[PDB]
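Take a look at this single chain, the form deposited in one PDB entry, given in C-alpha cells.
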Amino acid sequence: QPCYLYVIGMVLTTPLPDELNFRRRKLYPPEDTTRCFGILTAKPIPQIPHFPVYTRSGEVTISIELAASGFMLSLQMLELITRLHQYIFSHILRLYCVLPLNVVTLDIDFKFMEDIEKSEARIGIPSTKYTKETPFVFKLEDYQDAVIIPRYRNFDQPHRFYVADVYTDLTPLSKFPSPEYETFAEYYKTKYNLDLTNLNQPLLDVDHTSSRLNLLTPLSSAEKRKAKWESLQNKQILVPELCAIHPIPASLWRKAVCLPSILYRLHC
C-alpha cells in the first residue's frame, strides 16, 4: 500500500488578549516558524473541519491539509519516522505516524530526525568537560528558540524549560535572590558544588514546558499548592553553563504539545 502525507496546519487566528495574559507571556504564532508536524497514513483522512486548540499564545486554528498521496517509502525510512513517533510521545510529551515537516513546499524533515537520533541531549542530560583552558562559550543564537534542562538535578526525570528571556544585564556574579547566598555562583557552589568557567555569561529566564493534554477548551487546594510551586519555577533564573540544550527547538515544542488534542479530535 502507498502513503498519504498530511500537514497539520497551525495559525494563531486569535492572539491572547492582554486581559488573559496573566503569566505576562510573549505570544508565539506557530506560523512564524516553517518546521511543524504532519501525519503519515495508509488510509486517507476524511476532510475534518477547522477546529481551535487553546494554547499559551492564543487560539490556534488547526487544519488538516493533504501534502501528498500514492507515493512510497522505504523500510529504513519508515523505521525512522516510526522511531521518531515513539520519541515524541514517550520522551517529548512523556505520554498512524506523526512526523516533522519543513520547507527546502513542505516535506518530511529527515535531516531533523537524523539530528534528533544523533544528539546527546535527546533522552536526558549530556556530560561536558568545561575547564579553565576549555571554557563554556555562550552563543546567544543557541538560546533564542531553545528548550534547556538543568544538568545538575533530576537525573531520572529532567525538567525542561523554555528560554523565555536572555538577561544580558545579569551575570553569575549578580546578586542572588535569596539572602543566604551572595551570588548565583556561590549558590551553585555551596549547594551543588559546581564551578563556573564563565563569569560573563547572561542568565536565563525560564518557563515550564509542561501542559494539559486537552486544549480543545479554554480551583481546589491542589491548584493552591501547585500555584506557588509552578510560580516559583517560572521565577527561576538559570545559568546556561549549567544547562543542556534540548535537540527539539522551542517553537516546535510549542506545536508538539497540541498533538494529543489534535489526534483525539481526529479519532472521534
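Residues that one form lacks are left out of the comparison. Counting begins at 1, following the sequence as shown. Rigid core (definition): largest C-alpha set, two forms, superposition within 1.5 Å.
One more form of this protein should be noted, the form deposited in another entry, which is absent from this view; the next part is about it.
**Student:** Superpose on the core and compare between the shown form and the other one; which one of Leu78, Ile123, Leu173, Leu194 crosses the 2 Å Cα shift mark?
**Tutor:** C-alpha shift of at least 2 Å: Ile123.
**Student:** Given a change of 3 Å or more, say if the Cα atoms of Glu120 and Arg83 sit closer or farther in that other deposited form than in this form.
**Tutor:** Closer: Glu120 and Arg83 approach by 3 Å or more in that other deposited form.
**Student:** Comparing against this form, do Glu120 and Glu117 have their CA atoms pulled together or pushed apart in that other deposited form? The difference is 3 Å or more.
**Tutor:** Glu120 and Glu117 sit closer together in that other deposited form.
**Student:** With the core fixed, which bits of the chain, 3+ residues long, show every Cα moving 2 Å or more between the shown form and the other one?
**Tutor:** Residues 120-128 form the sole shifted run.
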